[PDB]
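Trainee: this one's structure only:
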């Protein structure tokens, strides 16, 4: 089904986001911890 | 409808992203402002 | 089709994310490079 093809794309799309988002969030907080913490 | 279940999941998925994205963006610019601004 | 309207919204939604995500990622790594690199 065409609609399903679309839905499935979005899920692959969406999944990719979840990772990218987690990564960014970690780096961020980390760099912030890497600053606050020690010099 | 199964397809709708899928579509609705994606919206919940997608909504979650919008928040996470806004938050990250704020922290970022902020930390950048917290650097440029004063020491 | 209502379902399609929904699917299309999500794609516009999803597309918007991809940009916002790329931008954030660049700023991040950049600020990190702007720190490591020189003072």
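Mentor: Sure thing, it's come through. Residues are numbered from 1 along each chain as shown, chains lettered A, B, ... in the order given.
Trainee: going forward, measure contacts between C-alpha atoms and count neighbours the same way
Mentor: Will do.
Trainee: Count the neighbours of residue A:19 for me.
Mentor: Applying the criterion other Cα atoms under 10 Å in any protein chain shown, we find 11 residues in the vicinity of residue A:19.
Trainee: Now do the helix or strand hosting it: which elements does it pack against?
Mentor: When secondary structure is defined using DSSP states H and E, the element that contains residue A:19 is helix A:2-36. In terms of contact count using 3 or more Cα pairs under 8 Å, 6 or more residues apart in numbering or on different chains; DSSP states H and E, helix A:2-36 is assigned the packing partners helix B:2-36, helix C:2-36.
Trainee: got a list of what the residue nearest to the spatial centre of chain A touches?
Mentor: Within chain A, the residue whose C-alpha comes closest to the C-alpha centroid is residue A:21; the distance, by Cα atoms, centre = their mean, is 1.9 Å. Under the criterion of Cα atoms under 8 Å, 6 or more residues apart in numbering or on different chains, the contact list for residue A:21 reads B:17, B:20-21, C:21.
Trainee: Distance to residue A:30 added to these, as a markdown table?
Mentor: Supplementary listing: the contacts of residue A:21 in a markdown table, determined by distance: Cα to Cα, whole Å:
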| residue | distance to residue A:30 |
| --- | --- |
| B:17 | 20 |
| B:20 | 16 |
| B:21 | 17 |
| C:21 | 18 |
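Trainee: and which of the residues you listed is nearest residue C:3?
Mentor: Nearest to residue C:3 among the contacts of residue A:21, counting by Cα to Cα, is residue B:17 at 21.2 Å.
Trainee: so how far is residue C:27 from residue A:35?
Mentor: In this structure, residue A:35 and residue C:27 are 17 Å apart, going by Cα to Cα, to the nearest Å.
Trainee: Those two: which is more packed in?
Mentor: When residue A:35 and residue C:27 are compared for neighbours, residue C:27 comes out ahead with 16 against 10, by other Cα under 10 Å.
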